[PDB]
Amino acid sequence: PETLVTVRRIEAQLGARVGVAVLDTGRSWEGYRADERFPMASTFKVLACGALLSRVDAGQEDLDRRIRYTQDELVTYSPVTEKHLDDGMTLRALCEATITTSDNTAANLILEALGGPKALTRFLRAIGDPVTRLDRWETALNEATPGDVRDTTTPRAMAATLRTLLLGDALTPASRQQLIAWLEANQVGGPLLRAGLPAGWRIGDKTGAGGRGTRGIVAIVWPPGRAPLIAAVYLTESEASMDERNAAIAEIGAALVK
């Protein structure tokens, strides 16, 4: 345990509810509040990309299909999608944008490709996830009012789902290596896991920030000469600053390397 004491202390010190799940890909198990629901924030974007890649694999979608869009469609935080109001972007470029930059319009453009939030939930069930749901678009989905089940996962379901997508058989080998490559190229989660992550280890991750103090991260990590580990760490319902909240998720992720 003792990684258990750190989580319990973080809840008591920060007034937060924490969810942690780790999956060793192994014959090991654990988790803290791992079947409670947490707001996904921008970690859902890994799932929407896997959803879209699954449609490509079925011949139902084209990664090179160009989406042309307008500026009333831009939602706050569009670091990439704003620079391409003129030419548009391909679906592949959009996927890259949401995983790499957490660009919110690219996410919405992918959700629209899939058929909306209700359709991502249907993919998730199709790949075995009975709990995780997406219900809104960016940025409404980060509202995270406590007790609301919209736009939620559980640490157990999210760790399981990421495994089925990244290492399981839900996606093609080409799609997995695309998603993994995007996650290894993530740029907005720096200190939460990567920073305390030893050199020589590979991490692909995706992080979320959301209202009511929501902070989340999902990650596949390859220790040196070991099977990958899937981690899902969520924190919410706290009034701490983004600083103490970042430092606790990093402190939980550090304890996991032990």
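Start at 1 with the first residue shown and count on from there.
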Check: Which class fits the unmodelled deposited stretch between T25 and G26: none, 1 to 3, 4 to 9, or 10 or more?
Finding: 1 to 3
Check: Mean C-alpha B-factor higher for 36-44, or for 185-193?
Finding: 185-193
Next item on the list: Taking the mean of the C-alpha B-factors per stretch from the entry, tell me the winner out of 197-205 and 52-60.
Entry: 197-205
Next item on the list: By the entry's C-alpha temperature factors, tell me which of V80, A174, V131, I127 sits highest.
Entry: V80
Margin query: Quick check for you: using the entry's CA B-factors within this chain, is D72 in the lowest, middle or highest third?
Written below: highest
Notebook entry, point to check: In terms of the chain's CA B-factor thirds, is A231 lowest, middle or highest?
Noted result: lowest
Checklist line | CA B-factor placement of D87, once the chain's modelled residues are sorted into thirds | finding: highest
